[PDB]
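What follows are structure tokens for two forms of the same protein chain, given separately as structure 1 and structure 2.
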Structure 1
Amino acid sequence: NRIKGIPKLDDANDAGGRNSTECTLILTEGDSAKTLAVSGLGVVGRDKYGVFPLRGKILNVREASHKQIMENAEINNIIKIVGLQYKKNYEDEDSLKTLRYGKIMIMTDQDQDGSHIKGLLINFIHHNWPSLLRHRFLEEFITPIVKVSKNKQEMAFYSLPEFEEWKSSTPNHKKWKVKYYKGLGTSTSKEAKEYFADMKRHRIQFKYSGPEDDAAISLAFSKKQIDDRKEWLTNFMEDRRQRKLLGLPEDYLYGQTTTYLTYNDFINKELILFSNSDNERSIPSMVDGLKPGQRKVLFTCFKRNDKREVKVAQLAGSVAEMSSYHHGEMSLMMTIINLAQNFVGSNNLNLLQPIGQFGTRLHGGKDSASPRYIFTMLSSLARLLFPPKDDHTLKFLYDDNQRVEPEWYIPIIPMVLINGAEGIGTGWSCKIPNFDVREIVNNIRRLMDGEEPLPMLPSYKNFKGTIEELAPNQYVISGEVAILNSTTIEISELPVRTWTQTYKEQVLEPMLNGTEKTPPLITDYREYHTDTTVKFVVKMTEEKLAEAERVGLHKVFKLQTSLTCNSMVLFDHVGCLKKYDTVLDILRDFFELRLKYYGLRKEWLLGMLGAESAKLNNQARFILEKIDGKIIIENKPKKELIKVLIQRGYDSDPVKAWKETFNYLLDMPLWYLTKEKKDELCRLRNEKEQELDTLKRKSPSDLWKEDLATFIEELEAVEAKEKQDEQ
């Protein structure tokens, strides 16, 4: 038996015929993986091993429409390759002997998405044929995530925690050469043959040992066990949190050569990791409202003062480098474009400037130009909102061995609620609308003043239509429509997230030329739009128009978008995921944290100015001794210098200690060691002490006011400029 449908199958010469139950199918993610397996099969052979590449994220068959399952080419391909039959139940040897292959070995990069791909496969097979899992039908081939070699002494690590542990355990680091393998494409064909040489260390057969697996699998992919996953993940986050505090290491898989892994083990030990990571990359943080990647871009932009405009692609490059971002430059540029966008319904306050074409309301930012043709920059408001001073309090992460972005940035206003937040993870989702900046300021000012905050209603920059609140967390958005004549009507605005094109297609054209079931509603329509505004003109029949009116134009022309924010799930500064029942809830938490961090900033300010005036004190003494002739140790032997210093009592350069030593002293008279200079210097030290005095006068809740004032003045400027430009 030979398959002749799909050319991408390098079937096992023996598979299909006799002994087929002893042939395995390597399923690989991507084509290159397939090729790597092939490079590997030069060792084990081509009779008992076939190779086939998976496209990407396999379908979730557990809860998918029969149509979707059928239309799905890949699943069909797999069935065709293995000789599976949905209807047939494989509980018997005859059923087994039917299959063209004996086992299926899945190989994916030692990356969490990989765990996800494995999962989806297991879910597939499980949903479609419970019995097979028991039979030891599925196998996993694993390749090291990291390699450390030194002097022809190679050490391979298949877990990041395992490697971290090796580093924690063993000294003399910085001696070994370390290289990361973030994708099967990274390891050479040699390395591949080598892998396949040590087969036992890379082969992990999946063992069904009890019913827990059936539950565990369903826990992972059943579309009715969301809450189960919410708990399942909250547990994870919690155990993790507790492990962190205690300073305990976390347990890792694949530590040594382990023969088999239970489906339950896989799910709860490996798959859950992915899920949490998905969450971490999908759902933003209440503090900055930014997802890691966005935060990496922003951090990057901050890292370079970069006053001149920069080519997006280039910036993306530098970001990939500086921000130690590992998920490619495409997503990154996309992220940058997202950050820079400022069309109606997108961002109320864009941090990055769109110097060129970054997509319009026509196509929902999709119509944007090539990253290599467009330029960006930080907007003036950007650093105002993220004070240059605050980042002394931010905890910066050193993952990948390199200093990168913090865990969150501390904005003077809650950014989450001004640019909203949209995310899809595992067991969780996020939807937060935009809110007017002024109102935010006001409520922060109001709350700071010592008064309860005013209720806030979703606001979208440059949006003309109206937003009503039918209920708590339930709103309805309506675009503007005017009745010109009994023969003509005018659509001035559309609801948010309604794109001119999408509308033209989905709503108008169908009304223009009615479908088999219903007749046309309109006779013709003209459109005089722009990139920034919309304007349809629809001609109808006086009757049909009358009926439309009687029913409601906003309802007829689907100019009313309703949305309920019952999902507002965000990350706590501690890193835990909380779901916010109100906007004000968030606003409160933010206010609190921000205030505190103003406190800390103050402390930091006290630190600097103190180290300064103190350095000026130790500087001050030397001049007095020399001027006052109470100490003449100039040019005296260097040891005598130190000795006298330690005995004189005065401390060493304060600033170095503060950041965490005789340089200030070392500095020679240099034709400036006059008393009068002391007269100049005294002003400098006294000025430090005084600045501090004014600083002490300022309360944490008071500097905030300044920050806000500055922001607003700039803001007003910006808006003016923009409005004029529009004109």
Structure 2
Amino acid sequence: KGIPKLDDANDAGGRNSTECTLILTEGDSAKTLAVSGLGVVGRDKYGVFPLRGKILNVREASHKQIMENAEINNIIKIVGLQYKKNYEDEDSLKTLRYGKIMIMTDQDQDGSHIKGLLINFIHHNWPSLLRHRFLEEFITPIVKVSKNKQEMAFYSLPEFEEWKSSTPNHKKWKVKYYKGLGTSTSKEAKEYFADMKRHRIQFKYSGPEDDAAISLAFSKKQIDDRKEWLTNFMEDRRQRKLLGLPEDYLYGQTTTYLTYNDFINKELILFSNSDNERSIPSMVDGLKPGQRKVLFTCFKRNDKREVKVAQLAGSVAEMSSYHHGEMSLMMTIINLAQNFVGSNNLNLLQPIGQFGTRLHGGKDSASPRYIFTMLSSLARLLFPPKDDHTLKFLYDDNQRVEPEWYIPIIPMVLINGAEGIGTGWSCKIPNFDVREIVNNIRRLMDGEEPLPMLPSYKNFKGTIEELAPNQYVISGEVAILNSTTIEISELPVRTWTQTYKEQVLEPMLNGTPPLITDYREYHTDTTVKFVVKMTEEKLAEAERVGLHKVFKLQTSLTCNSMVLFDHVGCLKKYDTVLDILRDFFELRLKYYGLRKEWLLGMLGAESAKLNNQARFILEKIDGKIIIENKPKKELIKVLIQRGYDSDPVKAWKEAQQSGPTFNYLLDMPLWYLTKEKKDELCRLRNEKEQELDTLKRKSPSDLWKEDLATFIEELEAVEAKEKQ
């Protein structure tokens, strides 16, 4: 009736107005899918309107924000809803243009969140409408299987997994994952609406417990409630896993009604947990799942030259089975690369291009399609390649992907800090000096006491003092030049240059009466320098009061919510950063033991293989073995009867979960019969034998010291080049 992107129903606003249905979809792509499915007949009774992502939570939202929201204003106009109107009587429902609203989103956790926000909107503004079976949802499959011309659909991952357990020949079926509504074709869309019984679920009001559930999820007043709520979920799911029990799921059979209580505690709770899993980092590598996928990809690619952020994002997506919008990966990549004051002490990705500055706090970054990046030379030193063999890599989309966590040589979570916002919890950890952390590691390794650590930011000329535990004061730098002039040499951490000029200095220049007379900017892209001119009286006043206080060069930093995932996926709340450092130390020391154990096995096999290859060559030259014009099968019998071992590297690798293999012996070129290459082979076997023996007489701590030494050397070199 005057709104774009709207495919309004034809029978909307007549006698049969209550017999119409409005389909709210997850985006415009979803709108197209719904439209194709609903045709050709049914345009009269069914309407479609796309929602541009997640909508507004209006339960504690201000009056200004709610009225100035375009999304909900469109919905109100289309449906014909009226603000603060009671719909208890069956006559008030006749006023609306549509009878029922069917929410059709993705079959992912985010889709569930969208449904919840819509429900929250209706429940808060019109509680009467919710008790009249006004809301429903259109569900679409997420996994499909077919062997011949028969087809089966699943509507949840637990359902699909349970099917593979019951069905023996599950590998004889095609497997098609549905990332979203966009995956489904127009033809498949028609088949969906043809079987409306299966894909239609009606929301049912059962009592006050529903209101309690809805309020639980979307009230800012009930945060502690959601904490216990999710704590129970995490613990129970953990126990189900320990007892070897499958997760419960919905939409297994055809269901008519769905309680709001059940919806919140069986579907929406899945989102809130996944939100915490993707927003709150792990203590081990300080990475989130999204970030870790990027790092895993860059490690797998091993690019020697720069790569577009946009291009890299796509690579990460396909190689790490990333099932979200690529824009998020791009923003993550940019964030990981930033290295201005207040961001990262040790950026894992190189910011090659305009990734933002301290001027606008990174917001001045260029388009991801116009900037380049690659691994920092410190990345594979912080996360040594040798440790990859002791990690547990996840499986998704029929391929191996990122591990549950990487195991860096120093607690990375303390280096670039940690910021994240989920449901129930949120994480906030300040940055710390790398060299200082390395030192504390060495002290803990020497059985000494770890020194207390103050938050330290790279290239920050200011100071950071501690008052109460986990409560700090960050101060910039100011200096007196004369009776009328002062110099501001540093702003406090995360206090950006442009914002400071607009929010602090410009008010001081104008109007409360003016304080400063004039100011000049001498900023570089990495440093801050303000020169301020004042009267002699004004400066004398500010001097006794406190220059830092007057010019707002002090910011407070309270970090009590240091919430992280431990090495087993449990949400721990760490009290001090030394707790994090200690727990990390235990785990890291253990995995150095594990690395040595693995390396012993590998180097052992490799030495054994070299032993066989050397013996084979020498016996051939001595004439103890004839292979010229000899058949393969006969020659194999010869080797076995002469006691030659099967491929040790192959045999050892297979032990990490066709007859004997002697290919590695004959795969050797004719070169290794020459004198120069024979000596080289005998040299390599002795050298490799030596490496194994050298490793045996080294403690895990010794190996750790090696990595730390190698890291520090390059760290100095890198930061030196930075200063230059």
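Each residue is numbered by where it sits in the sequence of structure 1, with counting from 1. What we label the rigid core is the largest C-alpha set whose atoms superpose within 1.5 Å from one form to the other.
Notebook entry, point to check: For the set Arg594, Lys147, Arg601, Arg295, which residue undergoes a C-alpha shift of 2 Å or more between the two structures, given alignment on the rigid core?
Noted result: Just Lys147.
Margin query: Could you check, with the core superposed, whether the Cα atom of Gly183 shifts 2 Å or more between the two structures?
Written below: Result for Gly183: yes, a 2 Å-plus shift.
Check: So with the core overlaid, does the Cα of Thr108 end up 2 Å or more away between the two structures?
Finding: Superposed on the core, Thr108 moves its C-alpha 2 Å or more between the two structures.
Checklist line | C-alpha of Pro654 off by 2 Å or more between the two structures on rigid core | finding: Yes, shifts by 2 Å or more.
Item checked: between the two structures, how far the Cα of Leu271 shifts once the core is aligned, in Å -> Its C-alpha shift, to one decimal, is 1.4 Å.
Next item on the list: Having superposed the rigid core, state how many Å the Cα of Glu687 shifts between the two structures.
Entry: Taking the core as reference, the C-alpha of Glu687 is shifted 4.1 Å.
Notebook entry, point to check: Once you lay the two forms on top of each other by their rigid core, how far has the C-alpha of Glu634 moved between the two structures, in Å?
Noted result: Displacement of the C-alpha, rigid core superposed: 9.1 Å.
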